[PDB]
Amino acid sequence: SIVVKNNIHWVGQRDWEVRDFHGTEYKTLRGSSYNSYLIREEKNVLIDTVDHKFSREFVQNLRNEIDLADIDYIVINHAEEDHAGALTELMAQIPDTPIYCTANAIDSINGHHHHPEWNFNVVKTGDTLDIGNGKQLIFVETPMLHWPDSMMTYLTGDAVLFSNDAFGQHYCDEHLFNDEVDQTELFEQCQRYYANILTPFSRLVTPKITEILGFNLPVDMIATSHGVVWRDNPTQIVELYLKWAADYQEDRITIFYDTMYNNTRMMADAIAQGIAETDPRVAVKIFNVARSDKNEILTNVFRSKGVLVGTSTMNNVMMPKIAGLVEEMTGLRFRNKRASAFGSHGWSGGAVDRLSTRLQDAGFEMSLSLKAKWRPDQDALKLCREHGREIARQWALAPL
């Protein structure tokens, strides 16, 4: 274990190896950690657990810290596999230990573990749990941030906000605190996490933060369920979350596509040239969805004012990886972003129009599409380059 502050002990698990989250839809290229906390005051309180893969390690490590029978309360901020996976193993040893969680958490905990006989205590925003020595826990409901059952737990005196998933990131490191790790890598993992997971709930982020700020609770540390404990200027990640939630965009355009004979790739590169020579302020990124990291593509979409998506026509429809990515973007609900579909075809085509419609269905404001037949010659490449110019002029944040 590691001392977070005073009697707050980190009893979690580092994961140097993990690469796949949520099936294979989130790639953790820098590993992750599953943060669990044991508070030892007059009462002993366990906050969350860890991923099911480390269930036996978690309980054994917990035994080394404390007699399991001496644990008074268990707090479940969020009943996802990677935080509540070792719960069954733990409750098998101490089945009478009370669990404090939201009403929705009773449904999600019972939904996986199938042990409704456990002693649940529904908490709502403002509810308190005294743990002695003048300290108490204050619970804050945060539904759909990012699950119906989600909440945060605040510890008075020590002024530590146990935020669970919120403000966390998938970043594995031997050091626990934010000021002890690589700042660039930390930011990248934080932004990657928000972009790929929290984007659809951005409308809920600012009101909830505003609500919490109204509570006037001092914050010395933010202890999340993933990655570092924020202790040095801890509200920096809160400020980032406020920025990211406001339909975030930079002067940036992301271009991605799939291609069978590189015809659409040729179009994509020419489009990029047209943009770059029209608006020097715009940053451009290009990805082949079949050869690139999907989560990196989505992080760039999140960062972009607009996107261009390319596909050739394959059996009268679009290429499947493009269809898959557009479906996923539809779920993420990007806002105030623009889009244009492009691609090559052999005869009757149709995938470009089909893609433009689905981009619109995903919530993008659509500009005109760009089409070409077979491999673009010099004349066709000029048209693609002109398309990039036209797009750059239209999507300009400012004149010229």
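Note that residue numbering follows the sequence shown and begins at 1.
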On mean C-alpha B-factor from the PDB entry, just flag whether 344-352 or 371-379 is the higher one. 371-379
For the C-alpha atoms alone, is the average B factor greater in 264-272 or in 321-329, going by the entry? 264-272
At the C-alpha atoms, which of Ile74, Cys190, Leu161, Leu87 reaches the highest B-factor in this entry? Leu87
Maximum C-alpha temperature factor, selected from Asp258, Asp127, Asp130, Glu180: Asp130
B-factor third for the C-alpha atom of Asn295 within its chain: lowest
By its CA B factor, does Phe364 count among the lowest, middle or highest third of the modelled residues in the chain? middle
Using the B-factor values recorded in the entry, state whether the Cα atom of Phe139 falls in the lowest, middle or highest third among the modelled residues of its chain. lowest
Mind checking which third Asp247 falls in for C-alpha B-factor across the chain? middle
Could you say whether, by C-alpha temperature factor, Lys208 belongs to the lowest, middle or highest third of its chain? middle
